[PDB]
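Student: Please find one structure pasted underneath; my questions will follow.
With ideal geometry, Cβ positions are generated from the backbone for all residues, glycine too; neighbour counts draw on all protein chains shown. Each value in this text was obtained by applying a stated rule to the coordinates, not by laboratory testing.
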Amino acid sequence: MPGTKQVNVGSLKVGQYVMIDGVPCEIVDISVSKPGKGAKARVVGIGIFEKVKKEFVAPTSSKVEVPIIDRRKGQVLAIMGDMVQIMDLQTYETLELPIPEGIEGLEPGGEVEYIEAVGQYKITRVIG
């Protein structure tokens, strides 16, 4: 239902997530400057779901969108080569997800943590 919430540029911190040109990114750099005696920020983010580098400049008082992140847990049911079928531990619904490019030891019966944000999903950690 809800995709993103509005927040002031000025409240953003490195390591947080923000929407830039429609892409949810993790902030890796923030430069804030005050001209004379309104502040302005330059934000550099890298995609959470895709390999992309985005950036924007905006007054610190402006509003920007931040994706609302759904943190979930599921159980690995099957590993078909590259993609893994997991069962969400709350809905008992099944979904197929790509196997994280650099993930630890994944195997059936095991539990994972995955996230959904603005219609996209990604496996983040192995909960076991």
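Student: From the residues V44, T124, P108, which one has its Cα farthest along the dipole of the chain in the positive direction, the dipole being from +1 and -1 charges on Cβ of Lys/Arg and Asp/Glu about the Cα centre?
Tutor: About the Cα centre, the residue reaching furthest to the positive side is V44.
Student: For the stretch 55-123, which chymotrypsin sites (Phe, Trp or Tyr not before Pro) are in a loop by DSSP, counting at most 16 other Cβ atoms within 10 Å?
Tutor: Counting only loop positions with at most 16 other Cβ atoms within 10 Å, the chymotrypsin sites (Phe, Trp or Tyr not before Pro) in the stretch 55-123 are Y92.
Student: Round to the nearest 0.05 the FRET efficiency obtained for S33 and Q6 when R0 = 25 Å and r is the Cβ-Cβ distance. Could the numbers behind the result be given before it?
Tutor: On the way: r = 23 Å, r/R0 = 0.92.
Taking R0 as 25 Å, the efficiency between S33 and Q6 is 0.65.
Student: Taking one equal scatterer on every alpha-carbon of the stretch 1-68, how large is log10 of I(q)/I(0) by Debye at q = 0.12 1/Å?
Tutor: Treating every Cα as an identical point scatterer, log10 I(q)/I(0) equals -0.28.
Student: Let me ask another. Can you figure out the FRET efficiency of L77 with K51, using R₀ = 30 Å and their beta-carbon distance, to the nearest 0.05?
Tutor: Working: r = 28 Å, r/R0 = 0.94.
Efficiency computed from Cβ-Cβ geometry: 0.60.
Student: Also, I was wondering about something else. Given +1 on the Cβ of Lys and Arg, -1 on the Cβ of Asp and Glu, and no further charges, what dipole in debye does the chain carry about its Cα centre, rounded to the nearest 20?
Tutor: 1080 debye
Student: Still on this structure: Using the Cα centre of the stretch 69-128 as the reference point, and only Cβ charges (+1 on K/R, -1 on D/E), how large is the resulting charge dipole? Debye, rounded to the nearest 20. Please report the intermediate quantities before stating the final value.
Tutor: Working: 5 positive and 11 negative charges, 33 e Å.
The calculation lands at about 160 debye.
Student: Would you calculate the separation in nanometres between label points at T94 and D70, each defined as 7 Å from the Cα along the Cα-to-beta-carbon direction?
Tutor: Taking the simple label geometry, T94 and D70 are separated by 1.9 nm.
Student: In addition: Anything over 22 Å Cα to Cα? Flag those among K53/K73; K5/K122; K13/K34, in the order listed.
Tutor: Listed pairs above 22 Å: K53/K73.
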